[PDB]
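All remarks here apply to the structure that follows.
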Amino acid sequence: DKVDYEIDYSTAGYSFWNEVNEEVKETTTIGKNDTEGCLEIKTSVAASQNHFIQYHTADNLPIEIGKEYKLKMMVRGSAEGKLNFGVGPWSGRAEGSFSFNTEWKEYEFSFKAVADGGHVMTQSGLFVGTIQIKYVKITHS
């Protein structure tokens, strides 16, 4: 697999778009954990809807409409849980989900790009605990 795009949170900072609904603002944090070296999303109260805790995990993707790619995400959580994602611009995305657990694993998602560019929209409002994301990559064969 050839790498088109990588963000490696073990070294680089987190500065992408993120939004927590007022419903769970006080009990949710999204940002880089400098000690672990990961993007970290922590919740102590589940949101009523999964998209109520939403954040880009990668942005300005070098993908072209109609071509085949993979999304790769290295993630673990404090318990078993699911995050949903879409790859694409605000206008519409290629969507999927990863079921993670307490072990570090790289999950993969194959897709046809639905547009040029965009971001990896990631959503986990229903999950209570700590999600850690070490890196995100877009690849092709």
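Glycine also receives a Cβ, built like all others from the backbone with ideal geometry; neighbour counts cover every protein chain displayed. Any read-out appearing in this document is the output of simple, stated calculations on the displayed coordinates, not a laboratory observation.
Could you run through segment 54-81 and say how many residues are outside any loop (DSSP other than H, G, I, E, B) and either within 11 Å of the chain's Cα centre (by Cα) or free of Cβ contacts under 8 Å to residues at least 24 places away in the same chain (or both)?
First, the residues of segment 54-81 that are outside any loop (DSSP other than H, G, I, E, B): 54-56, 68-77, 81.
The next check asks that each one be either within 11 Å of the chain's Cα centre (by Cα) or free of Cβ contacts under 8 Å to residues at least 24 places away in the same chain (or both); those that pass are 54-56, 71-75.
So the count comes out to 8.
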* Asked: Quick check: is even one residue across segment 87-102 outside any loop (DSSP other than H, G, I, E, B), in contact with a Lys or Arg (Cβ under 6 Å, 6 or more places away or on another chain) and over 27 Å from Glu22 (Cα atoms)?
  -> no
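Here is a yes/no grid of residues against (1) surrounded by fewer than 17 Cβ atoms within 10 Å (Cβ to Cβ); (2) closer than 18 Å to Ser141 by Cα:
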position	(1), (2)
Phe52	no, no
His56	no, no
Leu61	no, yes
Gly66	yes, yes
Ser78	yes, no
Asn84	no, no
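Among the residues of segment 111-141, which ones are under 15 Å from the mean Cα position of the chain (by Cα) and not β-branched (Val, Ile, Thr)?
The initial filter retains those residues of segment 111-141 that are under 15 Å from the mean Cα position of the chain (by Cα), namely 118-127, 130-138.
Answer for segment 111-141, where residues must be under 15 Å from the mean Cα position of the chain (by Cα) and not β-branched (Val, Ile, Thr): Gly118, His119, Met121, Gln123, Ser124, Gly125, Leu126, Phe127, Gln132, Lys134, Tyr135, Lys137.
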